[PDB]
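Each chain, letter by letter, is given below.
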Amino acid sequence: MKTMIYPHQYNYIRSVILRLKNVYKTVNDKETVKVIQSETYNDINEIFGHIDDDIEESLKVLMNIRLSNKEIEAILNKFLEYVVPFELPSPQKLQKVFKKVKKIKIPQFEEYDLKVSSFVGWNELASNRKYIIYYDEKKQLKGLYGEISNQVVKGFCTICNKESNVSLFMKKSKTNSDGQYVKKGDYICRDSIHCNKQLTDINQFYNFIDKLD
Amino acid sequence: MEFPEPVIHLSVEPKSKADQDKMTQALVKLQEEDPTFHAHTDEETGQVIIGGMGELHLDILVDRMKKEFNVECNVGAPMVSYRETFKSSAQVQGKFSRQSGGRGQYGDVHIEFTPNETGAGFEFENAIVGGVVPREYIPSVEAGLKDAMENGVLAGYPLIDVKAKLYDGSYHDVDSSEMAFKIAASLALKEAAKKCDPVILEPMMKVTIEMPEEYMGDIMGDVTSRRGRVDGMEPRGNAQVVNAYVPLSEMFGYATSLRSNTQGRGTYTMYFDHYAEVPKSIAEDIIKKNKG
Ligand SMILES: [Zn+2]
């Protein structure tokens, strides 16, 4: 009867560990550590309406100050049971979306990365464009492409809304009958993989798409 | 046995802003002295990252810093840096006509600009008219307009980058000189300043305060003395999460004072909150430096 389909929740679980794991190293106090522990514990707890014995046991391990990376690995691997990874679209499905893009091919990603990524966006340094493919709420494959600046600066991307090496994703609207359109570029993290692991909320990414057109 | 040590990166964060200038100046002379290493001012978790071959090579470098440049820094530290700028919308006129070198030069353009600091921006639209006729001639002028722009303004930051629309222009047939075009951009930027009103800069940044309680009257007072606006304030055992926000990104001495005030038991996290303006004093400082 165990069934859940929310990649964002799984990503969020591993993301809240940052305010805690970092505190286990940067914070030279014990009270602040306990405060963050309470947050992290409640954060994951609020997700699982019905926590099981193992989930509770795993949460108990997270409460330990000596939370090694191996302990986390075991816990994360156990949480994967309540979720599902991403899927790589076949050439026929890809060409079905990118009908105007001939000779297009998705790079071979890693299995681990495909378990923590909700959207695949690779950059092509041929014409300076990034191709982003994902799945919407209707379980349909949707993909788009936009120009990228030949420079890597630091900024706040609209997607994960964090701080990392970013760039620009320029996209134009659908050209009307007159041949007119509107241009709209936004800041995007160059490495979509590193950005995927920073996806606090999928709605943040969905909002970005809502701003692209 | 040999020591297989290739490239190693070390962070060398300075003490104050004076040391920052010293470091920047040091990087210049040092890189010219020995081009066998690299130094960058970006990274993900640092201020000044230096990378070279061999750990001994690194020691020689840090030695020069404190011994020759007398810069106070700490090897192996984390840090960050930002700076935002944009506000208002309007239509700017750009005209440049001169003849100070035998040949004549003329530039006439009409552009409209709008803000887009929401999660960041960066866009220059083209209307396929004005100084362009052919279809494949539109990306040329649009990219060219940004080339000059990046030479007068700053691009590539948290919540920045303008969104303009090229809707008109007049060129006819004249000579194109870089210096003449670059100086023209500066002139138009000046004309737009008094018209569009350039303020706001860095918006309101929310900061979650975390530190032991029992000093509510002291802690809160120190926060208000930093122009902090408190939204939440819930305790947890001995400490308390004071969900606040201060219109200022980064940590311009904020961490230094906080560290001392909490004895090294106080932390926070900055995040974009709302479209507001930074401290008038700091805002006018950077706007003055940018015009100096
Ligand atoms: Zn990102």
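For each chain, numbering begins from 1 and proceeds through the sequence as written. The entry may number the same residues differently, and residues missing coordinates are not shown. To label them, take the chains in the order written and letter them from A, then take the ligands in the order written and number them from 1. For the side-chain quantities, the full set of heavy atoms in the structure was used; hydrogens and water were omitted.

- Per the deposited record, determination of this structure is attributed to solution NMR.

1. As for the sheet that holds strand β1 (residues 7-14) of chain B
All names here are of chain B.
- Taking strand neighbours across the sheet as the criterion, the 4 strands line up as β2-β3-β1-β4 in an open arrangement whose pairing is antiparallel. At either margin of the open sheet sits one strand with a lone partner, and together these are β2 (37-40) and β4 (73-75). Direction aside, neighbouring strands of the sheet carry axes that sit 25° apart on average.
- Strand pairing is assigned whenever DSSP detects at least two bridges linking the two strands. We count a stretch as a helix when DSSP gives it H or I for four or more residues in a row; a strand needs E for two or more, and each element gets its number in order from the N terminus. Sheet analysis places β1 next to strand β3 (residues 49-53), joined by 5 bridges and oriented antiparallel. Looking across to β3, one finds that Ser11 is bridged to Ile49.
- Note on contacts: a residue pair qualifies if any of its non-hydrogen atoms lie within 4.5 Å across the two residues. With axes taken as lines fitted to C-alpha atoms, and helix axes fitted only over the stretch in contact, angles between N-to-C directions fall between 0 and 180 degrees. Contacting β1, β2, β3 and β4, helix α1 (residues 17-33) runs over the sheet at an angle of about 150° to β2.

2. Some words on the interface of chain A and chain B
- Between chain A and chain B, the contact holds 33 residues from the first and 40 residues from the second.
- A simple way to read buried area is as the amount of 1.4 Å-probe accessible surface that goes missing from two parts once joined, with both sides added. For the pair chain A and chain B, the summed buried area comes to about 2800 Å², and 50% of that belongs to carbon and sulfur atoms.
- Any carboxyl oxygen of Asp or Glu within 4 Å of a side-chain nitrogen of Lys or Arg constitutes a salt bridge here. Summed over the shared surface of chain A and chain B, the number is 4 salt bridges.
- Note that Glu123 of chain B and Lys183 of chain A form a salt bridge whose closest N and O atoms lie 2.7 Å from each other.
- Residues adjacent in sequence count toward polar contacts only when both atoms are side-chain atoms; beyond that, a polar contact is any pair of N or O atoms within 3.5 Å, and within protein one must be able to donate a hydrogen and the other to accept it. Summed over the shared surface of chain A and chain B, the number is 23 residue pairs in polar contact.

3. Here's the deal with the packing of helix α4 (residues 53-62) of chain A against helix α5 (residues 69-79) of chain A
All names here are of chain A.
- Two elements in contact, α4 and α5, have axes separated by 11 Å at closest approach and are oriented at 155°. Compared by their axis directions, α4 and α5 come out roughly antiparallel. Considering the relative orientation of α4 and α5, their crossing is left-handed. The segment α4 lies against α5, with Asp54, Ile55, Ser58, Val61 and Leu62 engaging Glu71, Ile75, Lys78 and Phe79. The scheme is simple: roughly parallel for angles under 35 degrees, roughly antiparallel for over 145, roughly perpendicular for 65 to 115, oblique for anything else. Two helices cross in a left-handed way if the nearer one is turned anticlockwise from the farther one by less than a right angle. They cross in a right-handed way if the turn is clockwise.

4. Considering the coordination of the zinc ion
All names here are of chain A.
- Metal donors were taken as nitrogen, oxygen and sulfur atoms no farther than 2.8 Å from the ion, or 3.2 Å where the ion is Na, K or Ca. Water is excluded, so coordination may look unfinished. Bound to the zinc ion are the protein donor atoms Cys160 (SG), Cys189 (SG) and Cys195 (SG), situated 1.8 to 2.3 Å from the metal.
- Counting along the primary sequence, the residues that act as donors to the zinc ion give the motif C-x28-C-x5-C. Of this pair, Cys160 sits in the loop between β4 (153-156) and β5 (163-172) while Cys195 sits in helix α7 (residues 192-196); the two residues are 35 residues apart in sequence, bridging distant segments of the chain.
- When accessible area is computed with a 1.4 Å probe and restricted to protein chains, residues below 20% of their type maximum are described as buried, those above 50% as exposed, and intermediate ones as partly exposed. A relative accessible area of 0% means that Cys160 is categorised as buried.
- Take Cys195: its relative accessible area is 1%, and that puts it in the buried class.

5. Structural notes on the state of the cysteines
All names here are of chain A.
- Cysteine sulfur pairs qualify as disulfides if the two atoms are within 2.5 Å. One pass over the full model with this rule turns up 0 disulfides over all chains.
- The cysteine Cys157 is free of any disulfide, with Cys189 supplying the nearest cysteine sulfur at 4.0 Å.
- Look at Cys157 and you get buried, because its relative accessible area is 0%.

6. Overview of the environment of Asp21 of chain B
Residue and element names in this part refer to chain B.
- Mapped onto the fold, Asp21 is located in helix α1.
- The exposure class assigned to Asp21 is partly exposed, which follows from its relative accessible area of 47%.
- Sequence spacing of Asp21 and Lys195 is 174 residues, and the spatial spacing of their C-alpha atoms is 34 Å.

7. Considerations on the packing of helix α3 (residues 138-149) of chain B against helix α4 (residues 178-196) of chain B
Residue and element names in this part refer to chain B.
- Between α3 and α4, whose axes approach to 9 Å, the crossing angle comes to 75°. With respect to α4, the element α3 is oriented roughly perpendicular. Within the contact between the two elements, α3 uses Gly144, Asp147 and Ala148 and α4 uses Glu178, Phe181, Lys182 and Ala185.
- Broken down by class, the residue content of the contact of α3 with α4 amounts to 3 nonpolar, 1 polar and 3 charged. Following the grouping adopted for this structure description, the nonpolar residues are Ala, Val, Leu, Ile, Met, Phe, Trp, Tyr, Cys and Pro, the charged ones are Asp, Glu, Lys and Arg, and the polar ones are all others, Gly among them.

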